[PDB]
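Heads up, the thing below is written out as C-alpha cells.
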Number of protein chains: 2
Amino acid sequence: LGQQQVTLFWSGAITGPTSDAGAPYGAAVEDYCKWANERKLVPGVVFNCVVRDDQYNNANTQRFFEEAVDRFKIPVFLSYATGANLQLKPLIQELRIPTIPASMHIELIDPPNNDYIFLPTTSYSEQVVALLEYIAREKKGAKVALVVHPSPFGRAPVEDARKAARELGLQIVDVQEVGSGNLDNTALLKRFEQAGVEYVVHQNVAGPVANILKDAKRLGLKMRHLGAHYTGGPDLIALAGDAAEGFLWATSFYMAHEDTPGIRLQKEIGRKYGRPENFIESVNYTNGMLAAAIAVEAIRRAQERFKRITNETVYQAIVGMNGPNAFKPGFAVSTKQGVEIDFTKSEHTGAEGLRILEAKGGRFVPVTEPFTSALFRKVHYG
Amino acid sequence: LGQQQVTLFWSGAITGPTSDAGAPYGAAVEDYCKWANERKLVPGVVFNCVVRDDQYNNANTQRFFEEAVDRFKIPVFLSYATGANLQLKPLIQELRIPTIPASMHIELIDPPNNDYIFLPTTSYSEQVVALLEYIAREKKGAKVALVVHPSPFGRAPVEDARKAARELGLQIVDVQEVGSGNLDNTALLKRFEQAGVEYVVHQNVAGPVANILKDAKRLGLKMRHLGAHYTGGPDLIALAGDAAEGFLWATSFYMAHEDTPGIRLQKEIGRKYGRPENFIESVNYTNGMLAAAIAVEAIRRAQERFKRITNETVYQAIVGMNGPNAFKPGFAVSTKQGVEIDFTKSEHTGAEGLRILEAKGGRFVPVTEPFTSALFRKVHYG
Ligand code: NA
Ligand code: NA
C-alpha cells in the first residue's frame, strides 16, 4: 500500500579481470534501474539500485550476495562471473532466488541446483558449436585451435567444442589459455602456424583477443579468427582496429546500427545519463540492459498478478513469460519461428537464437539469419 | 548504534577516460574507508563511503558533488579531474569545503578561489620542469617534444614547460595531444624523427603512453621517453612491457617494492579486501590512499581538538598540519630537511619533494634522491 522500496542488485567486474565487458554491463543495469524510477515502469515501486564491483573475485561476490539477501531482501539476483555463479548454485537453489547471469555458461542451467537460474541468451557452448558448424561448411577437415580465457569462463565451452569438432570432422589441434596482459602472442601464433592451424576460435573478453589479432596482422598470417559473445562488437573494433577485419562473431544481440525500439532506448538512456559514446554502443551495455529489463519486467508482472514482490512471485512471473506473454524488448534476435525472451519451468534460456556476424570496414555485419544449433543439443543433451 | 555518521565522498573516473588511474585511486579511497571503520581510527564515528564513477564527465561530477553536499553535508571533498576541479573552484570556495584532488595542477592552488584546495603531492608543472632539468644536464640544446592527454589535465603543465625550456636552452619542437585508442602512433613518431626530436616528455595516463612506447620500439627509434606522475608505475610496465625499459618518471610516491609503513599498509588493506594484485601495486592505489589518509587524519584531529566534525574544523585541522604536527603516513617521499605531509594557510602542497625513477627490468628504480625544483619556483612564481 503506497510506494515500496525494491532492491535491484548486481555484482560483477566493473574493474579487474573481464572488465571490458563488466564495466558497460554494470553501467547498463544502473542506468536502466534509474530509468525505471523516472518513467515509473512499475507503479508503486521505487528501485534501490545496488551495483557492486566484485572485481571477478568470487569471495567478494559471495559476501555481496549474502549482504544483499540478508539486508536488502532481494527477490532477484543479477549476477556476473561463471566461476562465481558455479560456486553460488547450491545457495541460490536453497534460498530459491531467481538469478539472471551475464555468464552464458550452459552448466548453470544444468542439474543439480538449476531451478532458479535463467540465461537471457544462448550459451557459450551453442555459440562455439555454431561457429564450428560455420567452419565445417567452409572447409572440411579444417584444423582449428581454441584460445580461451584462463578461468571457468574461458573453459566453459571447451568440452562441447571437442565433441562437436569430432562430429563435424574437424580437428582441434591445441587449446591455449590467454589472459589480459598478453602483449606478445608471437610464440603462440608461430606454434599454430607450424601445426597448420587455419581457424582460431576465441572464448574471451575483447582485450586479449585484440592483442592476438594485432600480432596476427603484424606477422601476416592467414588463419581466420572467430569468437563467442564476449569477444566482439564495437569494443573489439576499438581495441583491434583493422586487425579485426573479417573476424567472425557469434551473438544473440542486435547491433547498434540496426533498427529496434530496444537499441533506440539504449541510446536514449545512455545519452540521458551522459555515458561515453563507447559505452552507449557496446554490445555489453545492450547485454546489461536486457538483464535489468528482464528483472524489472518480472517485478512488474509480479505486482500486477500478486500485488506483492518476492522471490516466489518473481519466479512465477518469469516461468509464465512465454507464448503471447513473452517479453519482447527488442534487445536480442528471435527465430522466424520463435519469440525474443521466453522462459518456462523447463526452458531456462531466453533468446534461444543467435547469428554469426562478420566485421567489415569497422562494423559487425550479420552474415546469417537467427538460428539455433541442433548440433549443440546433440553433443550436449545426447 | 548511536555512532556519528561521517560521509567520505569521492567522484572520479572509475571507468571512462583516465580510468587506468581513477579506478585504483577510487578503490583506495573505498578501502582506506572500510579500514578506518575496522580499526575505529576516529572514536565514536562511522564513515559512510560514497565513491562515485563520474567517467571524467564534469557535469556528472558537479551533480554528484551538489548531492553530497545537500544530503550528507560533507566536511571534505575528494575530487579528481583537473577540468572538473577548475570548473568547481568558485563553488568550493563558496561552500568553504576543504578539497583534496587527485589532480596535481598547480593552478588549482593559485588565486582566486584557492583557500580550500590542497594538493597532496607535487604538481604537474614541477614534475615536467624537473624532467626538462634532467634533459638539459644530459644534452644541452636538446630537441624535445611534449605529448599530452587531450584535456585540461594534459595541457596543465605546458606553459611552465615552455618557460623552463627556454630558460634551459632546450627547443620544444612540437606538442601533440593523444588520448586513448591511439592504436597507431606511427605518423606522430615519424614526424618526430623528421623534426629531430631526441626526447619525448609525456603528460598523460599510462595507456596512451604505453601504446606510443610499443610503436617506437617496433620502429627502432632512439628518442628517450620521460613522463609525469600519472604516466608511470607498475601500470605502465604492465601495458608496455619491455618497450618501457629506460622510461624516466617523475613522482612523489614511494614504490611498491620499497619498505615503508604506508606501503605495507596498502598491501595489507588491499589483500584484506580481495583487490587484484595489479591494483595493490598500483602507485595510484598508493595515491588514493594518501588522499583518503589525509582526509581521515584531518577529521580525526578535528574531533579531538574541537569535538565537532565540520567543514570549518576539518579546515583548521588541515592548516595546522605542520611543524611538530606534520603528518607522516609513509606514502610519499620527503626531503632531508623536510617532512612528509605539511600544510599551512599559505602552503597548500602536502609532500613538496619528488624523485626521478627509471624503468629497468620491469621495475621503476629511483635514480635520484628526493628534491624540489628551484627552476619551477622561478618560472611559475618569479
Ligand atoms: Na527461450
Ligand atoms: Na608541504
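Cβ sites come from the backbone with ideal geometry, for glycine too, and all protein chains shown count toward neighbours. What is reported rests on the model, the rules as stated and the sources as named; nothing here is a laboratory result.
Annotations for the structure displayed:
- Residues of segment A:12-54 that are of a type outside the set (V, I, T) and facing chain B (nearest Cβ under 10 Å): A:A13, A:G16, A:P17, A:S19, A:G22, A:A23, A:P24, A:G26, A:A27, A:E30, A:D53, A:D54.
Let's see how each residue does on (1) within 12 Å of chain B (Cβ to nearest Cβ); (2) closer than 29 Å to B:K214 by Cα; (3) in contact (Cβ under 8 Å) with a residue 12 or more places away in the chain:
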site: A:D215; (1), (2), (3): yes, yes, yes
site: A:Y230; (1), (2), (3): no, yes, yes
site: A:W249; (1), (2), (3): no, yes, yes
site: A:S252; (1), (2), (3): no, no, yes
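- Check on A:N113, touching a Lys or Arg at 6+ places or on another chain (Cβ under 7 Å), more than 14 Å from chain B (Cβ to nearest Cβ) and either part of a loop (DSSP other than H, G, I, E, B) or not β-branched (V, I, T) (or both): yes
- When B:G361 is tested against (1) within 12 Å of ligand 2 (Cβ to nearest atom); (2) closer than 27 Å to B:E281 by Cβ, just one condition goes unmet, and that condition is (1).
- Residues (outside any helix (DSSP H, G or I) and buried (at least 24 other Cβ atoms within 10 Å of the Cβ)) located in segment B:200-224: B:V200, B:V201, B:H202, B:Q203, B:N204, B:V205
- Segment B:1-33, residues that are part of a helix (DSSP H, G or I), under 29 Å from B:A302 (Cα atoms) and in contact with a helix residue (DSSP H, G or I) (Cβ under 6 Å, 6 or more places away or on another chain): B:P24, B:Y25, B:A27, B:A28, B:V29, B:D31, B:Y32
- Subset of segment A:272-317 [aromatic (F, W, Y) and either within 14 Å of chain B (Cβ to nearest Cβ) or not in a helix (DSSP H, G or I) (or both)]: A:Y273, A:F279, A:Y285
- One residue alone among A:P329, A:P324, A:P370, A:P366 is under 17 Å from A:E133 (Cβ atoms) and within 16 Å of ligand 1 (Cβ to nearest atom), and that residue is A:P370.
- The residues listed here are A:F327, A:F343; of these, the one that is without any contact (Cβ under 8 Å) to a residue 40 or more places away in the chain, more than 16 Å from ligand 2 (Cβ to nearest atom) and touching a helix residue (DSSP H, G or I) at 6+ places or on another chain (Cβ under 8 Å) is A:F327.
- Pick from segment A:346-358, criterion among the charged types (D, E, K, R) and within 15 Å of the chain's Cα centre (by Cα), ranking: nearest to ligand 2 (Cβ to nearest atom): A:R355
- Test: residue in segment A:70-84 that is surrounded by fewer than 24 Cβ atoms within 10 Å (Cβ to Cβ) and among the aromatic types (F, W, Y): yes
- The listed residue being surrounded by fewer than 17 Cβ atoms within 10 Å (Cβ to Cβ), on the phi > 0 side of the Ramachandran plot and in contact with a helix residue (DSSP H, G or I) (Cβ under 7 Å, 6 or more places away or on another chain), out of A:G141, A:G181, A:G196: A:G181
- Among residues of segment A:332-363, those that are under 23 Å from A:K267 (Cα atoms), surrounded by fewer than 19 Cβ atoms within 10 Å (Cβ to Cβ) and either within 12 Å of ligand 1 (Cβ to nearest atom) or of a type in the set (G, A, S) (or both), counted: 3
- Complete set of residues in segment B:254-271 that are touching a residue at least 12 places away in the same chain (Cβ under 8 Å) and either within 14 Å of another protein chain (Cβ to nearest Cβ) or among the aromatic types (F, W, Y) (or both): B:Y254, B:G270
- Residue check for B:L375: more than 9 Å from ligand 2 (Cβ to nearest atom), outside the structural domain of B:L95 (by CATH) and surrounded by 20 or more Cβ atoms within 10 Å (Cβ to Cβ): no
- Checking each residue in segment A:1-16 for being surrounded by fewer than 21 Cβ atoms within 10 Å (Cβ to Cβ) and closer than 25 Å to A:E66 by Cα picks out A:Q4, A:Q5, A:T7.
- Counting only residues that are in contact with a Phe, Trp or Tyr (Cβ under 7 Å, 6 or more places away or on another chain) and either part of a loop (DSSP other than H, G, I, E, B) or touching a residue at least 40 places away in the same chain (Cβ under 8 Å) (or both), segment B:81-99 holds 6 of them.
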